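This document starts with one chain, in the form deposited in one PDB entry, laid out as structure tokens.
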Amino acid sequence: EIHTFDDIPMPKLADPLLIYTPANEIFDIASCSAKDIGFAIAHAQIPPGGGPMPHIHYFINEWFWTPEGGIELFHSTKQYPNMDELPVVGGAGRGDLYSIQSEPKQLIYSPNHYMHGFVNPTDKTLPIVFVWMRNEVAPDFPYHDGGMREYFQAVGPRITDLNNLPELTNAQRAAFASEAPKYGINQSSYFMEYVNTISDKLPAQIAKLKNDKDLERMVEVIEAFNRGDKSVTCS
């Protein structure tokens, strides 16, 4: 059974940060913080075939929200609490992944240390929204968001015109993987690097992952920011 969510609004910044990530994702991204919480959020468009290779977070917890479904996510049952141990053939070993064919407005919650990724397997561009919440061990980044917006900003070209995207380069793709550990991500550079099997039978243990409480709080922050409330910041 799926977990759903009705609305995750976007912080409306004066000059929107639009980034074409080296995973082939069109991001409208921002960071927000409040006294109690810090996070990055992106409303994204995923072209056919787009999406990041399997990766693991150490500084954030992630939410995926798929307003139109279509997106296929991949998720482990196994957790990788040690950033020093890559799940690779020569070391800690590659992991098993389970796929999720997302449904309209499905909300998927993925705590730090789980391996995940996703792809647009369809022939049309699909929307997706991410929230990356700063966890309790994350270092303080300039935007106090746990590091994710700084990551994308550092590795992906900035977009001017959505109808004339930057050409992603080899260096950008390599940097997307190699710069990732400084932002608390172990990011694979090809699909099967960290991967042993992909299975379509979803374990209940993954399906049940949920953190609505933190998400509703961050929505409050976003909506307050959009109302002009000065006790929160988004930029």
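Note that residue numbering begins at 1 and tracks the sequence as displayed. C-alpha atoms forming the largest set that superposes within 1.5 Å between two forms make up the rigid core.
One more form of this protein, deposited in another entry, exists but is not displayed; see below.
- With the core held fixed by superposition, the comparison between this form and the one not shown singles out 139 as the only member of 104, 139, 81, 91 whose CA moves by at least 2 angstroms.
- Taking the rigid core as fixed, one finds a CA shift for residue 11 smaller than 2 Å between this form and the one not shown.
- In the other entry, the CA atoms of residue 27 and residue 138 move farther apart by at least 3 angstroms compared with the shown structure.
- In comparison with the shown form, the Cα-Cα distance of residue 142 and residue 59 decreases by at least 3 angstroms in the other entry.
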